[PDB]
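Chemist: Got a structure here, written out as structure tokens. Questions coming.
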Amino acid sequence: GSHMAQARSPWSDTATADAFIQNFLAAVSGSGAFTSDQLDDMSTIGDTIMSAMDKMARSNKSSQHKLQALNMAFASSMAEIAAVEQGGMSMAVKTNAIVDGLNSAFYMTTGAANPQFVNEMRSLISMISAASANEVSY
């Protein structure tokens, strides 16, 4: 095919990543599902993610591992944060509220939804919670 015609990760460019986080957080906050305190916890991660992008961009190039690392870093942050809300018989709300922001973020950034990647993101979060692993060191 002359054209790839495939979804492009925002981590590809810092400009795209910045916009993604901006609208992403706005969508999550807009839902009102999480308070300012909880939003801040999932907001500060945006700055950290961008910082890493600049640090890596200084001496690095487009790599599958690099892209995965960024995705895992964000998923891990959400998992550790969601741990606080962990509990109850329902969990398709606290996660859906934040995840839903991903769909809105993609549209705002471009205008097309990407459920193929959204479902994967949710799975990554679950993998983190399942792993748990209580570090005796800390």
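Each value in this text was obtained by applying a stated rule to the coordinates, not by laboratory testing. When we count neighbours, we look across all protein chains shown, and the Cβ atoms used for this are built from the backbone with ideal geometry, even at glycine.
Chemist: With no solvent and one equal point scatterer placed on each C-alpha of the stretch 14-138, evaluate the Debye formula and give log10 I(q)/I(0) for q = 0.17 Å⁻¹, two decimals.
Modeler: Rounded to two decimals, the profile gives -0.95.
Chemist: Can you sort 55, 66, 94 by how many other beta carbons sit within 10 Å, fewest first? Spell out each step's value before the answer.
Modeler: Numbers: 55 10, 66 16, 94 20.
Least crowded to most crowded, the residues run 55, 66, 94.
Chemist: Can you put 135, 120 in order, fewest other beta carbons within 10 Å first?
Modeler: Numbers: 135 5, 120 12.
By the 10 Å Cβ count, ascending: 135, 120.
Chemist: How charged is the neighbourhood of residue 12? Take every other residue with its Cβ under 13 Å from the Cβ of residue 12, and add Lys/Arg as +1 and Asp/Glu as -1. Mind showing how you got there, number by number?
Modeler: Working: positive: 8, 61, 66; negative: 13, 18.
Summing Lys and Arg as +1 and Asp and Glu as -1 gives +1.
Chemist: Additional query: To the nearest 10 degrees, how steeply does helix 115-131 sit against the main Cα axis of the chain, on a 0 to 90 scale?
Modeler: 40
Chemist: Right, something else. What does the charge count around residue 92 come to, taking other residues whose C-beta lies under 12 Å from its C-beta (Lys +1, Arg +1, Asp -1, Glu -1)? List each step's numbers first, then the result.
Modeler: Values: positive: 94, 122; negative: 100.
It works out to a net charge of +1.
Chemist: Less than 16 Å apart at the alpha-carbon level, and either on another chain or at least 8 residues along: which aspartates and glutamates does that give for residue 66?
Modeler: Excluding near neighbours in sequence, the set is 13, 54.
Chemist: Mind checking the angle between helix 94-109 and the chain's longest principal axis? C-alpha axes, 0 to 90 degrees, to the nearest 10.
Modeler: So the inclination is approximately 20 degrees.
Chemist: Please determine, in degrees from 0 to 90 and to the nearest 10, the orientation of helix 36-58 with respect to the longest principal axis defined by the Cα atoms of the chain, where the helix direction is its Cα long axis.
Modeler: The two axes meet at around 40 degrees.
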